[PDB]
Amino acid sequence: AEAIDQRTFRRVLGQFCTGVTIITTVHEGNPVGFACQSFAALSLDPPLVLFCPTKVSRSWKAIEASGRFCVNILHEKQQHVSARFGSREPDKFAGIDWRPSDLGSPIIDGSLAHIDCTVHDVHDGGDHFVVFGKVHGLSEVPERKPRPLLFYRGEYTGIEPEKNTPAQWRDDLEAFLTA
């Protein structure tokens, strides 16, 4: 009954659709990363983001040690990259083109956007941590078609661009960070 309760959490929370990130660092010379969907924009002033690694994550411990990370937001053509980071295969950056950011963290070629960060604060979050990052630089790749990789009810998907609709807002007290 414990395992069924956990299956229900996974299914119901899966109804909230998200993009997909790879969060990366370099620790003593080698590139390190993990796939993550528990990402959000947090604050404009100061500029902050958050992400939620598991308490058992090996990749987060490398980020904690360096104090630096880059967030790569994935394009739908990068489904293979996400699958690679999700596996137990060694040498995860093999065959994947990348370059260091201004702070030294891996930027993956072909992404929609990247965000160059330092670790700002860390909190306990049950069986996960919540990590705040301070933003030091960011950009989107020009002329790449805006088609994000999605994750919804346990499967990869993408958008139908014919559905794109302008949004108007008036309540300034509750403004989205991205409007």
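Residue numbers run from 1 along the displayed sequence.
- Of the two segments, 14-22 and 157-165, the one listed with the higher mean B-factor is 157-165 (C-alpha atoms only).
- For the pair 2-10 and 170-178, the mean B factor over Cα atoms is greater in 2-10.
- Residues shown: 30, 118, 38, 54. Highest C-alpha temperature factor in the entry: 30.
- Placement of the Cα temperature factor of residue 125 within the chain: middle third of the modelled residues, per the deposited record.
- Among the modelled residues of the chain, residue 72 sits in the lowest third by CA temperature factor in this PDB entry.
- In this PDB entry, residue 133 carries a Cα temperature factor that places it within the lowest third of its chain's modelled residues.
- In the PDB entry, a CA B factor belonging to the highest third of its chain's modelled residues is recorded for residue 141.
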